[PDB]
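*Asks:* entry_32.cif is reproduced below (mmCIF, C-alpha atoms).
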```cif
data_model
#
loop_
_atom_site.label_atom_id
_atom_site.label_comp_id
_atom_site.auth_asym_id
_atom_site.auth_seq_id
_atom_site.Cartn_x
_atom_site.Cartn_y
_atom_site.Cartn_z
CA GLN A 6 152.00 95.87 98.24
CA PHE A 7 154.71 93.45 99.51
CA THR A 8 155.02 89.82 98.43
CA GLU A 9 154.70 87.12 101.08
CA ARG A 10 158.42 86.37 101.01
CA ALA A 11 159.34 90.08 101.09
CA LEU A 12 157.17 90.40 104.12
CA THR A 13 158.77 87.40 105.80
CA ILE A 14 162.17 89.02 105.34
CA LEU A 15 161.09 92.36 106.85
CA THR A 16 159.50 90.55 109.79
CA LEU A 17 162.59 88.44 110.21
CA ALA A 18 164.64 91.64 110.04
CA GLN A 19 162.63 93.06 112.96
CA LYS A 20 162.99 89.90 115.00
CA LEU A 21 166.76 89.97 114.42
CA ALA A 22 167.06 93.53 115.70
CA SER A 23 164.92 92.68 118.71
CA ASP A 24 166.69 89.42 119.54
CA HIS A 25 169.95 91.41 119.78
CA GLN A 26 168.61 94.52 121.55
CA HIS A 27 169.40 96.80 118.66
CA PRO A 28 167.77 100.23 118.97
CA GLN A 29 167.10 100.83 115.30
CA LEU A 30 166.20 98.69 112.33
CA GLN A 31 168.88 99.10 109.64
CA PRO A 32 169.81 97.71 106.18
CA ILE A 33 172.14 95.12 107.73
CA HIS A 34 169.08 93.59 109.43
CA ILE A 35 167.40 93.03 106.06
CA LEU A 36 170.61 91.63 104.59
CA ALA A 37 170.99 89.46 107.63
CA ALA A 38 167.39 88.15 107.20
CA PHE A 39 168.16 87.09 103.63
CA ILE A 40 170.57 84.50 104.98
CA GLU A 41 168.24 82.90 107.47
CA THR A 42 167.16 79.37 106.65
CA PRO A 43 163.63 79.45 105.24
CA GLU A 44 160.99 77.38 107.13
CA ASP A 45 160.31 76.52 103.53
CA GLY A 46 163.05 73.92 104.12
CA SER A 47 164.35 75.51 100.97
CA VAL A 48 167.56 77.14 99.71
CA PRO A 49 167.54 80.88 100.47
CA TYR A 50 167.14 83.22 97.50
CA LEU A 51 170.37 85.11 98.19
CA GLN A 52 172.29 81.82 98.69
CA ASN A 53 171.29 80.77 95.17
CA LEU A 54 172.57 84.06 93.82
CA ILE A 55 175.87 83.83 95.69
CA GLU A 56 176.54 80.23 94.64
CA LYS A 57 175.48 80.59 91.03
CA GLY A 58 177.73 83.65 91.05
CA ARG A 59 180.25 81.15 92.41
CA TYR A 60 181.31 83.04 95.50
CA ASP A 61 181.87 81.42 98.87
CA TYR A 62 178.52 81.48 100.72
CA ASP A 63 180.02 80.37 104.07
CA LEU A 64 182.49 83.26 104.14
CA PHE A 65 179.65 85.53 103.07
CA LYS A 66 177.47 84.53 106.02
CA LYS A 67 180.30 84.99 108.51
CA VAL A 68 180.94 88.52 107.28
CA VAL A 69 177.24 89.43 107.42
CA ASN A 70 176.61 87.83 110.82
CA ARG A 71 179.71 89.41 112.25
CA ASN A 72 178.45 92.87 111.17
CA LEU A 73 175.11 92.21 112.76
CA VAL A 74 176.14 90.98 116.20
CA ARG A 75 178.75 93.73 116.55
CA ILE A 76 176.10 96.41 116.37
CA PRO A 77 176.08 97.70 119.91
CA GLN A 78 173.14 96.66 122.07
CA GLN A 79 171.04 99.37 123.63
CA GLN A 80 169.46 99.06 127.09
CA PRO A 81 167.14 101.00 127.69
CA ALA A 82 165.66 98.89 124.92
CA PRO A 83 163.39 101.43 123.26
CA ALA A 84 159.68 100.60 123.30
CA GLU A 85 159.95 100.45 119.53
CA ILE A 86 162.73 99.44 117.18
CA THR A 87 162.81 102.48 114.88
CA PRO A 88 163.59 102.09 111.19
CA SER A 89 166.68 104.29 110.63
CA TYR A 90 166.88 106.82 107.81
CA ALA A 91 169.08 104.53 105.64
CA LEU A 92 166.47 101.78 105.85
CA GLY A 93 163.71 104.22 104.92
CA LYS A 94 165.50 105.08 101.72
CA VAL A 95 166.13 101.40 101.02
CA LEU A 96 162.43 100.62 101.26
CA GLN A 97 161.59 103.72 99.28
CA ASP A 98 164.04 102.56 96.57
CA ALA A 99 162.56 99.05 96.46
CA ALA A 100 159.19 100.43 95.40
CA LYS A 101 160.83 102.47 92.61
CA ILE A 102 162.76 99.40 91.44
CA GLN A 103 159.53 97.40 91.58
CA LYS A 104 157.95 99.86 89.13
CA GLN A 105 160.94 99.95 86.79
CA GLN A 106 160.78 96.16 86.56
CA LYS A 107 157.07 96.60 85.80
CA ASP A 108 156.16 94.31 88.70
CA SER A 109 152.88 94.55 90.67
CA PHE A 110 154.36 93.80 94.10
CA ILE A 111 157.56 94.69 95.96
CA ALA A 112 159.46 91.45 95.91
CA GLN A 113 162.54 90.23 97.74
CA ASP A 114 164.35 90.92 94.42
CA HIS A 115 163.48 94.61 94.65
CA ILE A 116 164.55 94.88 98.25
CA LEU A 117 167.84 93.14 97.43
CA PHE A 118 168.43 95.51 94.48
CA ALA A 119 167.64 98.45 96.77
CA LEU A 120 170.05 97.21 99.43
CA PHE A 121 172.83 97.46 96.86
CA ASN A 122 172.43 101.27 96.67
CA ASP A 123 173.17 101.63 100.42
CA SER A 124 176.73 102.31 101.55
CA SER A 125 176.89 100.01 104.56
CA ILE A 126 175.66 97.13 102.39
CA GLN A 127 178.29 97.93 99.78
CA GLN A 128 180.98 98.03 102.45
CA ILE A 129 179.79 94.59 103.64
CA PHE A 130 179.85 93.00 100.19
CA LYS A 131 183.36 94.34 99.71
CA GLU A 132 184.48 92.77 103.04
CA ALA A 133 182.96 89.45 101.96
CA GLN A 134 184.83 89.62 98.63
CA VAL A 135 181.61 89.52 96.65
CA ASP A 136 181.09 91.60 93.53
CA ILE A 137 177.72 93.37 93.76
CA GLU A 138 177.36 93.81 90.00
CA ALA A 139 177.79 90.06 89.58
CA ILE A 140 175.05 89.36 92.14
CA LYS A 141 172.82 91.83 90.29
CA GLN A 142 173.36 89.83 87.08
CA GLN A 143 172.59 86.55 88.86
CA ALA A 144 169.37 88.12 90.22
CA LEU A 145 168.15 88.95 86.71
CA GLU A 146 169.09 85.50 85.50
CA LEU A 147 167.30 83.92 88.44
CA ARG A 148 164.07 85.72 87.58
CA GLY A 149 164.14 85.51 83.81
CA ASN A 150 161.05 86.97 82.25
CA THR A 151 158.93 86.13 85.29
CA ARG A 152 156.45 88.84 86.11
CA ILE A 153 155.93 89.43 89.79
CA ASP A 154 152.13 89.71 89.69
CA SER A 155 151.11 87.71 92.75
CA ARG A 156 152.32 87.90 96.34
CA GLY A 157 153.59 84.37 95.84
CA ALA A 158 155.40 85.03 92.61
CA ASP A 159 158.96 85.75 93.88
CA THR A 160 160.18 82.16 94.49
CA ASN A 161 163.58 81.45 96.05
CA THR A 162 164.09 78.99 93.19
#
```
What does this structure look like when you write it as structure tokens?
*Replies:*
Amino acid sequence: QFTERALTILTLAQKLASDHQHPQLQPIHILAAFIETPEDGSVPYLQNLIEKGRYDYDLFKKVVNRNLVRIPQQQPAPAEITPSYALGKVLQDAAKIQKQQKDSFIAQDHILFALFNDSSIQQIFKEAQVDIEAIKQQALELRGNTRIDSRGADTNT
């Protein structure tokens, strides 16, 4: 039910939590995964949105990364990294947004749209001086009338 790229982001999100000894997986981890460099050698999806929206991407990354690495480490590192409640709702929202867009798979677009409904994410965008509604408009423009009907459909470009 997830696209390849959506899946990459969720996996990347898990690695990020792990690499920093964070106890729970949270929305910030997904946001933080959006700004990793793709192995793709390509421009990240969210970077395109931010720059076409004409915000400062460098300042944006600093703000996001600073919110990630200031999450306090837990040792005893739990056997698992639990998805928190906020993240559960975010994923649950992404599937609803997928259906409203009449798409067949949950894409990185849907996850990004779902992240916007979460309060911590909103607080982060406000710290980075980025208007969420503007990014939402860029996201629609990015996608045009493209149907997300394959797991490869949600291109970064």
*Asks:* Running the PyMOL selection byres ((chain A and resi 133-150) around 7) on this model by hand, what would come out? Give it as a ChimeraX atom specification.
*Replies:* /A:54-55,57-58,60,64-65,68,129-132,151-152
*Asks:* Set the distance at 9 Å and use only C-alpha atoms: which residues neighbour residue 80 (chain A) once local chain neighbours fewer than 3 positions away are removed? I'd like the list as a short mmCIF file (atom, residue, chain, number, x, y, z; two decimals) with C-alpha atoms, in the coordinates of the input.
*Replies:*
```cif
data_model
loop_
_atom_site.label_atom_id
_atom_site.label_comp_id
_atom_site.auth_asym_id
_atom_site.auth_seq_id
_atom_site.Cartn_x
_atom_site.Cartn_y
_atom_site.Cartn_z
CA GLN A 26 168.61 94.52 121.55
CA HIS A 27 169.40 96.80 118.66
CA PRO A 28 167.77 100.23 118.97
CA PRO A 83 163.39 101.43 123.26
#
```
*Asks:* Do a neighbour search on residue 24 (chain A) at 12 Å with only C-alpha atoms, toss out local chain neighbours closer than 5 positions, and write the hits as a list in words.
*Replies:*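 Contacts, in chain order: residues 17, 18, 19, 30, 34, 73, 74, 78, 79, 82 and 86 of chain A.
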*Asks:* Could you save the residues just selected, with C-alpha atoms, as a PDB file, in the frame of the given file?
*Replies:*
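Ended up saving to selection_11.pdb:
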```
ATOM      1  CA  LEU A  17     162.590  88.440 110.210  1.00  0.00           C
ATOM      2  CA  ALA A  18     164.640  91.640 110.040  1.00  0.00           C
ATOM      3  CA  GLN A  19     162.630  93.060 112.960  1.00  0.00           C
ATOM      4  CA  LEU A  30     166.200  98.690 112.330  1.00  0.00           C
ATOM      5  CA  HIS A  34     169.080  93.590 109.430  1.00  0.00           C
ATOM      6  CA  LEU A  73     175.110  92.210 112.760  1.00  0.00           C
ATOM      7  CA  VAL A  74     176.140  90.980 116.200  1.00  0.00           C
ATOM      8  CA  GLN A  78     173.140  96.660 122.070  1.00  0.00           C
ATOM      9  CA  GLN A  79     171.040  99.370 123.630  1.00  0.00           C
ATOM     10  CA  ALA A  82     165.660  98.890 124.920  1.00  0.00           C
ATOM     11  CA  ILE A  86     162.730  99.440 117.180  1.00  0.00           C
TER      12      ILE A  86
END
```
*Asks:* Between CA of residue 89 (chain A) and CA of residue 116 (chain A), what is the distance in Å, rounded to a tenth?
*Replies:*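 Atom-to-atom, CA of residue 89 (chain A) and CA of residue 116 (chain A) are spaced 15.7 Å apart.
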*Asks:* Near region 100-107 of chain A, within 10 Å and counting all atoms listed in the file, which residues show up once chain neighbours fewer than 4 positions away are dropped, as a CSV table (one decimal) with C-alpha atoms, keeping the file's coordinate frame?
*Replies:*
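The resulting file, selection_37.csv, is reproduced below:
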```
chain,number,residue,atom,x,y,z
A,6,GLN,CA,152.0,95.9,98.2
A,7,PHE,CA,154.7,93.4,99.5
A,95,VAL,CA,166.1,101.4,101.0
A,96,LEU,CA,162.4,100.6,101.3
A,111,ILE,CA,157.6,94.7,96.0
A,112,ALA,CA,159.5,91.4,95.9
A,113,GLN,CA,162.5,90.2,97.7
A,114,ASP,CA,164.4,90.9,94.4
A,115,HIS,CA,163.5,94.6,94.6
A,116,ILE,CA,164.6,94.9,98.2
A,118,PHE,CA,168.4,95.5,94.5
A,119,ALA,CA,167.6,98.4,96.8
A,152,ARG,CA,156.4,88.8,86.1
A,153,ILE,CA,155.9,89.4,89.8
A,154,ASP,CA,152.1,89.7,89.7
```
*Asks:* Using all atoms listed in the file, which protein or nucleic acid residues come within 8 Å of residue 32 (chain A)? Drop anything in the same chain fewer than 5 positions from it, and give the result as a PDB file with C-alpha atoms, in the coordinates of the input.
*Replies:*
```
ATOM      1  CA  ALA A  91     169.080 104.530 105.640  1.00  0.00           C
ATOM      2  CA  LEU A  92     166.470 101.780 105.850  1.00  0.00           C
ATOM      3  CA  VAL A  95     166.130 101.400 101.020  1.00  0.00           C
ATOM      4  CA  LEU A 120     170.050  97.210  99.430  1.00  0.00           C
ATOM      5  CA  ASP A 123     173.170 101.630 100.420  1.00  0.00           C
ATOM      6  CA  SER A 125     176.890 100.010 104.560  1.00  0.00           C
ATOM      7  CA  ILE A 126     175.660  97.130 102.390  1.00  0.00           C
TER       8      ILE A 126
END
```
*Asks:* Measuring between only C-alpha atoms, which one of A:76, A:35, A:15, A:158 shows the shortest distance to residue 108 (chain A)?
*Replies:*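 Selected residue with least distance to residue 108 (chain A): A:158.
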*Asks:* Measure the distance from CA of residue 13 (chain A) to CA of residue 59 (chain A) in Å and round it to one decimal.
*Replies:*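 CA of residue 59 (chain A) lies at a distance of 26.1 Å from CA of residue 13 (chain A).
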*Asks:* Hey, can you check how far CA of residue 21 (chain A) sits from CA of residue 39 (chain A)?
*Replies:*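 Spanning CA of residue 21 (chain A) to CA of residue 39 (chain A) is a straight-line distance of 11.3 Å.
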